[PDB]
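> structure, please.
(one chain, ligands or ions: 2)
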Amino acid sequence: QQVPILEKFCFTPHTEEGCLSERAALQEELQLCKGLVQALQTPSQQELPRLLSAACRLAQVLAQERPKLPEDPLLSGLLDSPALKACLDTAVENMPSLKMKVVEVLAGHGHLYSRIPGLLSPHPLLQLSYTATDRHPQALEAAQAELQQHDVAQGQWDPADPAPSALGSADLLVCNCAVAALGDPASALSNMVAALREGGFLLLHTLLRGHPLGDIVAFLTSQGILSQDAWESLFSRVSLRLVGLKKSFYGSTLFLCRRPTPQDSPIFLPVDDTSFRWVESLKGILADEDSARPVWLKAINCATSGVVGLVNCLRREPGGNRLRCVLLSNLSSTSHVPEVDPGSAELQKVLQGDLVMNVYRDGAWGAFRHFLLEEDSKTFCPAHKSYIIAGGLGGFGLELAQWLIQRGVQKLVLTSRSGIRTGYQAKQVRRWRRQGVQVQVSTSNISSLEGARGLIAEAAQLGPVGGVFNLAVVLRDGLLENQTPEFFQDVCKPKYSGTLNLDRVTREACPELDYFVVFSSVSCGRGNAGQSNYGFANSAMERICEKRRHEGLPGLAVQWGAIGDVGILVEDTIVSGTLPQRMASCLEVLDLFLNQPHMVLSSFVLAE
Ligand SMILES: NC(=O)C1=CN([C@@H]2O[C@H](COP(=O)(O)OP(=O)(O)OC[C@H]3O[C@@H](n4cnc5c(N)ncnc54)[C@H](OP(=O)(O)O)[C@@H]3O)[C@@H](O)[C@H]2O)C=CC1
Ligand SMILES: O=C(c1ccc(-c2nc3ccccc3o2)cc1)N1CCN(C(=O)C2(O)CC2)CC1
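Numbers count the residues shown, from 1 in each chain. Ligands and ions are numbered 1, 2, ... in the order given. Okay, here it is:
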C-alpha cells in the first residue's frame, strides 16, 4: 500500500520578501521579543523569548543557552519553510550531473544536516554526498544520531583557514550563521568560495541588521550581524553572484550565490516557430561535441511555449550540460514584455546568473519549483452535464471513465482517432451502456479547431459540457539526434494543439464547464532522456492551464509519474528510481487534486 509524493508546481521569483507572513506563531513571538527588548531599554516558552525574559531579571546565561538558540522558531523559520527547498532545487537543477557534493560550514550551531539531506532524499536519481564540518570535534557530538540517520559524513574545518583537500570542488556550500560566528566574514567567505568548483553554489542563512530579529539579537549580545548591503558587498568582494534571495518579514534571509564560470560565446536559438524548424538547428548545434558554447533557447513571442519541459529532457541527453533557456510568460495581457536581445540590460543579468531556467512572469524573474502539497473527501459530479475524455479508450482513459461514473457521471464522450480496437475497450463501453450510462465513442480530433468544435457539439447533444480531460498522447521517443520537426508535430498535436483547441472551444461554447484537466508527465516536470518532444508538449499544456486559471477559468495540469496496471508504460518494474503508481492510488490522488486551487500538481511513488 504505497504513499505517493504530492507536490504543487509554481512559478517562484528568485527574489521573495515578506516570507512567513501567514505564520501567526512567528508574528506573535516577534511582538513578544520586541516588547521584552523595549522593556530592557525602558510562543513565550520559546528560546529567544526565554533568553530575553532571563535578561530582564539581570553573558554567563546566554553562553549556556547558545547551543539551544538556533532551533528558535524565528531563527529557524526560513529553514523549515518552502524557501529552503526552492534554493536547494535551484542548485540541483544547475548541476552538470545528478551528483551533488554538499559541505556544511559550522554545522554545530548551523543544524542544516537536519533539513537538507531530508529535503533532497525524496529525489529518486540525485546522489547526495553531505559533509557536516565545524572547527572543534565537540561541536557536532550532540547530533551524532541525526548524522548517522541522514548518512552525513564528518569533517574538521575552521572557515578562517583554507578548506581541507577532501572538501574541495564542492557543488554547494551551506552555512546557517544565524547563531554560529564565521569570524572575519570576508576571510570566511573567501575560503568558502575557493572550496567551490566554478559554477558551484553558496547558500547562506543569516539575520539582517536593520530588521527586527537581527537588531534584537544584536542588542542582546552586547563580525556579528550585518546589513543586507554589507553581505551583498561581501559577495561581490569574493566574486560571488547573488542568484536567489528569500527574506522573512522579520529579516531572516537565505542568500543563494554562485561562483562565476569563464563563459564561452553563447548560442541563441529562437524556439517559437510553430513548424519546429528550430529542431534541425538545435541538432546541428549539439552535434558539435567539440563546442562548449552554452546554448540559450529563447521563447519570447509565446506565453504557452513548452521550452521548460524541453530543457529538462535535453539536460538528460549527451551535451545537455550546455543548455539554458529564456521564457517570457505573462499571465496578464497588461504586463510589460521585457526586451531580451543580446545588447539589452535584462539579458546581461540573466547571463551573469547563468541559471538553466529563466522564466519572466508579470514583472519578476523566477522558475517553476515543486513544493510538498498541504492536505493530502470524495468528489461528486453534476449528473446532467456531459464529460469529454480525449484519449478516453486508452489505459488511464477507461479507468478515468469508470471513476467519473462512480461519482455520478451518466454522459461520456470518449475520443480516439481509430475507435474501439481491443476486446477490453469493447467490453467496457458495452457494460457501461448496459448500466444505463450514455457513452459516445467519437473520432472527432481535438488536434484541429474543427474536430474540437465537432467534439463539444457531440457532447452538448447529451447535456451541457461539465468537464474536459485531455488524456490524448502520441509518443515519438528518441534522443534529439534522431528527432525531426515532424516527430515534434506528432507529439504536440494531441497535447499542445489539442489543449489550445479545447481552451478556445470551451471558452466560446461551454459556459457551464467546471473541469479543464490535462494529464502532464514527470517527463516534463523533472525531465526524461529521449522524450524532449513529449517534455515540450506537456509543458505547453501546463502554460495554457495557468493562463486559464489566471482569468478565473477551470485549469489543472497533473504531472503523473509512471502509471501501473494500465496505459502506455505497462504496454514491479522500478523506473528512474520510482514505482509505477497503482491505478487505485492514482484515482484517490485525483479526488484530492480535483478539489485543489493549484494549477499544476505532481504525483509519483518513490522506490525504497
Ligand atoms: N501511462 C503512463 O505511464 C503515463 C501517462 N501519462 C499521461 O497520461 C495520459 C494517458 O496515457 P495512457 O492512458 O497511458 O496512454 P494510452 O496510449 O493507453 O491512451 C492514449 C490514447 O490517446 C489516443 N489519442 C492520441 N491522439 C489522439 C487525438 N488527437 N484525439 C483523440 N485521441 C487520441 C490514442 O488512441 P488513438 O491512437 O486511437 O487515437 C490512445 O488510445 C497521457 O496524456 C499521458 O501522456 C503521464 C505519465 C505517465
Ligand atoms: O521513465 C520514466 C520516468 C522518468 C523520470 C522519473 C522521475 N524523475 C524524477 C526526478 C525527481 C523527482 C521525481 C522523479 O521522477 C520517473 C519516471 N517514465 C516513463 C515514461 N513516462 C511517460 O509519461 C510516458 O512516456 C509513458 C507515457 C513518465 C515516467
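> and the closest residue to residue 357 other than its chain neighbours, which of the three is it?
Nearest residue to residue 357 in three dimensions, chain neighbours excluded: residue 367, at 3.7 Å (C-beta to C-beta, 6 or more residues apart in numbering). Bear in mind the C-beta positions are built from the backbone N, C-alpha and C, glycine included. Classification of residue 367 using DSSP: H, G, I helix; E, B strand; the rest coil returns strand.
> measure how buried the residue of the chain found nearest ligand 1 is and give me the count.
Closest contact between the chain and ligand 1, by C-beta to the nearest ligand atom, is at residue 394 (2.0 Å). By the criterion of other C-beta atoms under 10 Å, residue 394 has 23 neighbours.
> hmm, back to that, isn't the residue nearest to residue 357 up against residue 361?
No. The criterion here is C-beta atoms under 8 Å, and residue 367 misses it with residue 361 at 9.9 Å.
> wait, residue 480 sits on residue 317?
Yes. Assessed by C-beta under 8 Å, residue 480 is found in contact with residue 317 at 6.1 Å.
> hey, what's in contact with both of these two?
Common contacts of residue 480 and residue 317, defined by C-beta atoms under 8 Å, 6 or more residues apart in numbering, comprise 286, 532.
> identify the contacts common to residue 367 and residue 361.
Shared contacts of residue 367 and residue 361 (C-beta under 8 Å, 6+ apart): residue 11.
> next, the contact list for the residue minimising distance to the centre of the chain, please.
The chain has residue 369 as the residue nearest its centroid, 1.9 Å off, counting by C-alpha atoms, centre = their mean. By C-beta under 8 Å, 6+ apart, residue 369 lies in contact with 9, 10, 12, 85, 86, 89, 90.
> by neighbours, which of those wins?
residue 12 (25 neighbours).
> identify the residues contacting it.
By C-beta under 8 Å, 6+ apart, the contact list for residue 12 reads 86, 366, 367, 368, 369.
> kindly report the domain assignment for the chain.
Here the domain parsing of the chain from curated CATH domains is 1-260, 261-374+380-608.
> buried stuff in stretch 280-299?
282, 285, 286, 294, 295, 296, 297, 298, 299 (16 or more other C-beta atoms under 10 Å).
> and stretch 130-138, which residues are buried?
Buried positions in stretch 130-138, judged by neighbour count with 16+ other C-beta under 10 Å: 130, 131, 132, 133, 134, 135.
> name the nearest residue to residue 509, sequence neighbours excluded.
Nearest to residue 509 is residue 456, by C-beta to C-beta, 6+ apart, at 5.5 Å.
> hmm, back to that, and which of the contacts of residue 369 is nearest residue 404?
Among those, residue 9 lies closest to residue 404 (C-beta to C-beta), at 24.4 Å.
> which strand residues bridge the closest one?
Beta-bridge pairing of residue 9 under DSSP bridges involves residue 370.
> could you verify my assumption that it touches residue 372?
No. If you go by C-beta under 8 Å, residue 9 and residue 372 don't touch, sitting 11.8 Å apart.
> can you get me the start-to-end distance on stretch 383-391?
22 Å (C-alpha to C-alpha, to the nearest Å).
> tell me the buried residues in that stretch?
Buried residues in stretch 383-391, counting neighbours by 16+ other C-beta under 10 Å, are found at 385, 386, 387, 388, 389, 390, 391.
> residues from the stretch 301-450 of the chain in reach of ligand 1?
By C-beta under 6 Å from any ligand atom, the part of the stretch 301-450 of the chain that sits against ligand 1 consists of 390-391, 393-397, 415-418, 445-447.
> try 8 Å
Proximity of the stretch 301-450 of the chain to ligand 1 (C-beta under 8 Å from any ligand atom) is limited to residues 390-397, 415-419, 421, 443-447.
> buried only: go through those for me.
For these, buried by 16+ other C-beta under 10 Å: 390-397, 415-416, 444-447.
> now these as TSV including distance to residue 603 and secondary structure?
Converted to TSV, those look like this (distance: C-beta to C-beta, whole Å; DSSP: H, G, I helix; E, B strand; the rest coil):
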residue	distance to residue 603	secondary structure
390	20	strand
391	18	coil
392	21	coil
393	23	coil
394	18	coil
395	16	helix
396	12	helix
397	17	helix
415	24	strand
416	25	coil
444	29	coil
445	28	coil
446	24	coil
447	27	coil
